[PDB]
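**Student:** Build me a structure from this.
(6 chains, ligands or ions: 42)
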6 protein chains.
Amino acid sequence: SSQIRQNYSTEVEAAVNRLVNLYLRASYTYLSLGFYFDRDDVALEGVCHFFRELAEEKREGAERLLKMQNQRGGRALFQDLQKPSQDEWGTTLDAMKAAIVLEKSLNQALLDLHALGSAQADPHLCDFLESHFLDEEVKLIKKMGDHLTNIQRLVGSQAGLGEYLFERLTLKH
Amino acid sequence: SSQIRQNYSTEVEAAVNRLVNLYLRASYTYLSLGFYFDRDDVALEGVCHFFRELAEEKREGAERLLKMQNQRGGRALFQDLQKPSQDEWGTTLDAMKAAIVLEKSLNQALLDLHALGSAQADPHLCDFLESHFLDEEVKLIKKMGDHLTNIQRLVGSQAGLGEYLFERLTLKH
Amino acid sequence: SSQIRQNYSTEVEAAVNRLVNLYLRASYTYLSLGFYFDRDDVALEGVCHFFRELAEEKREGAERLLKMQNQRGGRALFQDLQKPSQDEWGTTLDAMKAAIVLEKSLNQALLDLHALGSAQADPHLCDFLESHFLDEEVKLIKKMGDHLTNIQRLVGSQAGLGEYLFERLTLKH
Amino acid sequence: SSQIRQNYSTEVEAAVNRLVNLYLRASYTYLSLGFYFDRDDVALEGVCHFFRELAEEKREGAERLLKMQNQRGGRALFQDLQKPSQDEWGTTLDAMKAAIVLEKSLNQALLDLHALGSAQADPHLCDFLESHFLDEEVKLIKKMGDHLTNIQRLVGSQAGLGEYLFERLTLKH
Amino acid sequence: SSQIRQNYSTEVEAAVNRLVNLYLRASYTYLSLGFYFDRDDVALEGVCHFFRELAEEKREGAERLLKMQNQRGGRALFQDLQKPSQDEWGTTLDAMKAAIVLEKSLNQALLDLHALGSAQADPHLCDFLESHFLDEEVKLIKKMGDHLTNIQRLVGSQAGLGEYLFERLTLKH
Amino acid sequence: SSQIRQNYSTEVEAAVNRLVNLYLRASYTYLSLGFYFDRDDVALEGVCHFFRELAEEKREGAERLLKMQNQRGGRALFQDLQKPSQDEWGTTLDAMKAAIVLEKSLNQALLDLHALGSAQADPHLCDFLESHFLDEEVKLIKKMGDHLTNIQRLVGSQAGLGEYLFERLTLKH
Ligand SMILES: [Au+]
Ligand SMILES: [Au+]
Ligand SMILES: [Au+]
Ligand SMILES: [Au+]
Ligand SMILES: [Au+]
Ligand SMILES: [Au+]
Ligand SMILES: [Au+]
Ligand SMILES: [Au+]
Ligand SMILES: [Au+]
Ligand SMILES: [Au+]
Ligand SMILES: [Au+]
Ligand SMILES: [Au+]
Ligand SMILES: [Au+]
Ligand SMILES: [Au+]
Ligand SMILES: [Au+]
Ligand SMILES: [Au+]
Ligand SMILES: [Au+]
Ligand SMILES: [Au+]
Ligand SMILES: [Au+]
Ligand SMILES: [Au+]
Ligand SMILES: [Au+]
Ligand SMILES: [Au+]
Ligand SMILES: [Au+]
Ligand SMILES: [Au+]
Ligand SMILES: [Au+]
Ligand SMILES: [Au+]
Ligand SMILES: [Au+]
Ligand SMILES: [Au+]
Ligand SMILES: [Au+]
Ligand SMILES: [Au+]
Ligand SMILES: [Au+]
Ligand SMILES: [Au+]
Ligand SMILES: [Au+]
Ligand SMILES: [Au+]
Ligand SMILES: [Au+]
Ligand SMILES: [Au+]
Ligand SMILES: [Au+]
Ligand SMILES: [Au+]
Ligand SMILES: [Au+]
Ligand SMILES: [Au+]
Ligand SMILES: [Au+]
Ligand SMILES: [Au+]
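**Tutor:** Numbering: from 1, shown residues only, chains lettered A, B, ... in the order given. Ligands and ions are numbered 1, 2, ... in the order given. Take a look:
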């Protein structure tokens, strides 16, 4: 077994595979979120685009992790992908709340894997997470908090109007 | 009678002529809708443009149908065009409601003609409807549903403000 | 009722609505004329283009009139559009004869409306007709007379050949 | 036998091979028609070009059919190509009459194959015919009817002059 | 429930959701196939690219289906995604064998859904499958059969050399 | 009979018509050869392109001959086109063997016609063959011999690998 593998614990290999599952789960969640906002009875295009873009980003993170797994001589192993936690996601506010919960879980998974890499003395893993994941997550979580604050401000009284305005003037489409 | 006509039933020929009447009726309805929104006491320019654009699209569909009638060796026959169902169209919401009702009737007419073509074993007619009409109608009806949802969200409380905002931030002009 | 309306009689308002009906009728007549010449058993493409172009021009005149109706604070009211006077239009000669009869009726309607505007002391209406309609009609009627003369010259003896030649060498396609 | 073949009946496979023969026959007919009009004692260049262009179109249709046969896992089988029905094709009128008869036979073959695909529940075949053949045939047959009408109009009295004029002013070269 | 929904059976809606699951499953299978060929102990880059490209194509098909679901007024419902059938995919030959089996299953699912649309008289669904899926699948399955034949020819005697050569001279990277 | 014909024997006229049949036969043979190599169970794209290109070249030669027939005042006469000698063409080697046999027969037909032109003292015919056919055939036959030699060298031991390599590194696609 691997001719290239060096300083790459079975523990980190397994944890990388679990993280791939988590990122692909998050991608699937964002696919569901995106298409919910494209429903004719929800129709918030900018919200749809925001979530579909994140579906792509999460999928990219999984592919980054799989490439890394191979560069270290580990073996990608895929598991069932569980469906998203909801079939309908409520208002933009509800949806952003669910998204920041999801991001925080990914973030905690990254931190846990960092702490494993540190215990296993694996500086290439630590560097890899710092280079492509930790700051990325921090920036996204901040953006989502900014959004939540703006949504929140808009939707006390006149909830519908606030939702429309946030979609039109903050979100991209 | 026609040197080119082949596999083209008198039933489909008549039904094509009726569909032309329906599309020209819808065009006239959208002309009336467009100019209502240009009234100084209504003054929603983006709404006016949205309906005038559809008047053009419906007229184009009628001309497509007439060209097809001729390519198959059928004979265009024109009937009186009935005036639109209303002289005043109310709010943007009322107007979009009336437009989606109209589109659904055109859609049902297309489906009925498809079902006739299928019973008459006329695959060129079926192809023609699929190529230029069925998806076009589906996309338009979806857009209108999206609009209705957004209008609806805006006009619970503060009806005037919501109407202005929808016109300014969703509709084109 | 209208905050903008000034010096705009109910008589001119009604007459503008009737003129809109006439122009849309003429547009429909030219649509029928155009597609007749596209029949495989008539097949005079340049004739078809000449009439379809006029269908567009007449529709534009109606839209000009409706825009004016709104700029003056009048209220567009639409009536049933009667179908064209014939289902088949004969030869190019027959068709041009029918077209110049139609244009003369539009012209007389314009003159009558001018005479109303003059009796109502409505110089904006008079200016509007002079700017966009009266000369336009005069030029078109002259063109049609030129055509009739050329068609007429061609179709004494050898009627078919003359018809083909006029279509090929005078009409555009 | 084929690793790719799926939902592709032996009946449709055979019928596709027969259609290839028909299209290559039609191509050969148009080659003969083209070169007849290039004879120094016929010399109607535009007619020659019109038929040679159709020879190419028919050959292209056969190649489209053969490519499809292969994409479905069927087996192209070629038969003898029968020579065209005439060695001399008469006037432009005679020739256009013969061409529209030929096109109608191809059209009927396409319809028959459509009806077979429908009975065999082969929606890829149906789509393939709709995409590349049915409308193409309808447009060509209409063009030919237009031509026949114009030729017919020209060649009552002064047959030679009419023939020259049609070739010069309608046909391309 | 939906203001836009018209002629859209609950049966087709459910079947569209199942097809989305199948396409996302196939995408996941191709992700696993792609990264297997990127393993340092397999190292066939062109094979990896071929499968990763198909992972993207299958994901795109699912998104096309979800967009359609929304345009018709149906409701996207997501299920668990089962992991791919194998963790290791053997040789290029083994892998292409598995891929054509997968494609044929997608193809059969498309055909079944076509047959449902036909039984439900849903011509927009039928058109949608013809426009974006049926020919696409046919072309891909043909390409894969071509590949299988070439792989097969190369890997009787000198299996390693044949595998390298196919990757270098047929597959893209 | 012909006003232009000069120094053009009935013998050469007939022989030109036979040569046209031969060239169109060869074109049909190459069409069959081309599509055989496009079969999913043969799949040698470069071989397919090589033969389809020759189908076009042979057809061009027939059209050159027909144009010449007309320029001399002869009369093109078309006969039945016999189907190709095989339905399946074996390996690339088998196919190239069959192609060089065919070319040699065309070449011998050209030589025979040259010898007829010489006996009939027809220097325009001789020039015509020298200008457009004799060298063309010589170059093609040489190319095919080169190919046969290279195929032959490759397919002693490891027949499949040799076939793939010849297609990839010598033939165009
Ligand atoms: Au979305
Ligand atoms: Au979106
Ligand atoms: Au998007
Ligand atoms: Au770390
Ligand atoms: Au570390
Ligand atoms: Au990165
Ligand atoms: Au954002
Ligand atoms: Au308007
Ligand atoms: Au407007
Ligand atoms: Au507009
Ligand atoms: Au249909
Ligand atoms: Au049909
Ligand atoms: Au269209
Ligand atoms: Au819109
Ligand atoms: Au026209
Ligand atoms: Au026209
Ligand atoms: Au036109
Ligand atoms: Au006046
Ligand atoms: Au006046
Ligand atoms: Au004007
Ligand atoms: Au003119
Ligand atoms: Au020709
Ligand atoms: Au020619
Ligand atoms: Au030509
Ligand atoms: Au069919
Ligand atoms: Au079918
Ligand atoms: Au095509
Ligand atoms: Au033409
Ligand atoms: Au890959
Ligand atoms: Au790759
Ligand atoms: Au790739
Ligand atoms: Au279907
Ligand atoms: Au259907
Ligand atoms: Au597509
Ligand atoms: Au490929
Ligand atoms: Au080929
Ligand atoms: Au090829
Ligand atoms: Au080719
Ligand atoms: Au000679
Ligand atoms: Au000679
Ligand atoms: Au030459
Ligand atoms: Au070559």
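
**Student:** Show me where chain A has its helices.
**Tutor:** For chain A, helices defined by DSSP state H occupy the ranges A:10-37, A:45-72, A:92-119, A:123-129, A:135-154, A:159-169.

**Student:** mind saving the C-alpha coords of the shortest one as PDB?
**Tutor:** Yep, that's helix A:123-129 we're talking about. Extracted C-alpha coordinates of helix A:123-129, given in PDB (Å, rounded to 0.1, in the frame of the first residue of the first chain):
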ATOM      1  CA  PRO A 123       1.800  20.100   9.100                       C
ATOM      2  CA  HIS A 124       0.800  19.600   5.400                       C
ATOM      3  CA  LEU A 125      -2.800  18.900   6.500                       C
ATOM      4  CA  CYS A 126      -2.800  22.000   8.800                       C
ATOM      5  CA  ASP A 127      -1.400  24.200   5.900                       C
ATOM      6  CA  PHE A 128      -3.900  22.700   3.500                       C
ATOM      7  CA  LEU A 129      -6.900  23.700   5.800                       C
END
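
**Student:** anything in that helix near ligand 5?
**Tutor:** Yes. Helix A:123-129 reaches ligand 5 (CB under 5 Å from the ion) through A:123, A:126. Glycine gets a C-beta too; all of them are placed from N, C-alpha and C.

**Student:** which one of the helices of chain A lies closest to residue F:153?
**Tutor:** Of all the helices of chain A, helix A:45-72 sits nearest to residue F:153, with 40.1 Å by CB to CB.

**Student:** chain center to that closest one: distance?
**Tutor:** From the chain centre to the centre of helix A:45-72 is a distance of 7 Å (CA atoms, centre = their mean, to the nearest Å).

**Student:** From the contact counts, what lies against that helix?
**Tutor:** When contacts are defined as 3 or more CB pairs under 8 Å, 6 or more residues apart in numbering or on different chains; DSSP states H and E, helix A:45-72 sits against helix A:10-37, helix A:92-119, helix A:135-154, helix A:159-169, helix E:10-37.

**Student:** And the residue in chain A that ligand 12 sits nearest to, how far from residue E:18?
**Tutor:** Closest approach between chain A and ligand 12, counting by CB to the ion: residue A:40, at 29.0 Å. Distance, residue A:40 to residue E:18, by CB to CB, to the nearest Å: 22 Å.

**Student:** residue in chain A nearest to ligand 18?
**Tutor:** For chain A, CB to the ion, closest residue to ligand 18: residue A:168, 47.8 Å.

**Student:** That residue and residue B:169 touch, don't they?
**Tutor:** Yes. Counting by CB atoms under 8 Å, residue A:168 touches residue B:169, with 4.5 Å between them.

**Student:** Comparing the two, which residue is more hemmed in?
**Tutor:** Counting neighbours by other CB atoms under 10 Å in any protein chain shown for residue A:168 and for residue B:169 shows that residue A:168 has the greater number, 18 against 15.

**Student:** if I look at that one, how far off is residue F:20?
**Tutor:** Per CB to CB, residue A:168 is found 71 Å from residue F:20.

**Student:** Grab the nearest non-local neighbour of residue A:26.
**Tutor:** residue A:58 (4.4 Å; CB to CB, 6 or more residues apart in numbering or on different chains).

**Student:** residues contacting residue A:67?
**Tutor:** Taking CB atoms under 8 Å, 6 or more residues apart in numbering or on different chains, we find residue A:67 in contact with E:35, E:38.

**Student:** I misspoke; the intended subject was residue A:82.
**Tutor:** Taking CB under 8 Å, 6+ apart, we find residue A:82 in contact with A:25, E:80, E:81.

**Student:** What about the closest residue to residue A:27 other than its chain neighbours, how many residues nearby?
**Tutor:** Excluding its sequence neighbours, the residue lying closest to residue A:27 (CB to CB, 6+ apart) is residue A:58, at 3.9 Å. Burial of residue A:58 is recorded as 23 neighbouring residues (other CB under 10 Å).

**Student:** how near is residue A:58 to residue E:164?
**Tutor:** From residue A:58 to residue E:164 the distance is 35 Å (CB to CB).

**Student:** just residue A:116 next, same as before
**Tutor:** Taking CB to CB, one finds residue A:116 at 38 Å from residue E:164.

**Student:** Looking at these two, which one has more neighbours?
**Tutor:** When neighbours are counted by other CB under 10 Å, residue A:116 and residue E:164 differ, and residue A:116 comes out ahead with 18 against 15.

**Student:** Run through the residues that contact that one.
**Tutor:** Applying CB under 8 Å, 6+ apart to residue A:116 gives the contacts A:11, A:12, A:15.

**Student:** how does it look with 10 Å?
**Tutor:** Each residue near residue A:116 by CB atoms under 10 Å, 6 or more residues apart in numbering or on different chains is listed here: A:9, A:11, A:12, A:14, A:15, A:16, A:122, A:125, A:126.

**Student:** can I get those in JSON lines with distance to ligand 8 and neighbour count?
**Tutor:** Below are the contacts of residue A:116 laid out as JSON lines (distance: CB to the ion, whole Å; neighbours: other CB atoms under 10 Å in any protein chain shown):
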{"residue": "A:9", "distance to ligand 8": "70", "neighbour count": "18"}
{"residue": "A:11", "distance to ligand 8": "68", "neighbour count": "14"}
{"residue": "A:12", "distance to ligand 8": "65", "neighbour count": "21"}
{"residue": "A:14", "distance to ligand 8": "65", "neighbour count": "14"}
{"residue": "A:15", "distance to ligand 8": "62", "neighbour count": "18"}
{"residue": "A:16", "distance to ligand 8": "60", "neighbour count": "24"}
{"residue": "A:122", "distance to ligand 8": "67", "neighbour count": "20"}
{"residue": "A:125", "distance to ligand 8": "63", "neighbour count": "23"}
{"residue": "A:126", "distance to ligand 8": "63", "neighbour count": "18"}
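
**Student:** tell me which of the residues you listed is nearest to ligand 9?
**Tutor:** residue A:16 (58.2 Å).

**Student:** That closest one reaches residue A:125, doesn't it?
**Tutor:** Yes. Using CB atoms under 10 Å, residue A:16 is in contact with residue A:125, at 8.1 Å.

**Student:** what sits in contact with each of these two?
**Tutor:** A:8, A:68, A:72, A:113, A:116, A:117.

**Student:** Stretch A:146-163 close to chain B?
**Tutor:** Yes. Under the criterion of CB under 10 Å from any CB of the partner chain, chain B is reached by stretch A:146-163 at A:157, A:158, A:159, A:160, A:161, A:162, A:163.

**Student:** Name the residues of that stretch that come out as buried.
**Tutor:** For stretch A:146-163, a neighbour-count test (16 or more other CB atoms under 10 Å in any protein chain shown) marks A:147, A:148, A:150, A:151, A:154, A:155, A:158, A:159, A:160, A:161, A:162, A:163 as buried.

**Student:** Nice, that's everything, thank you.
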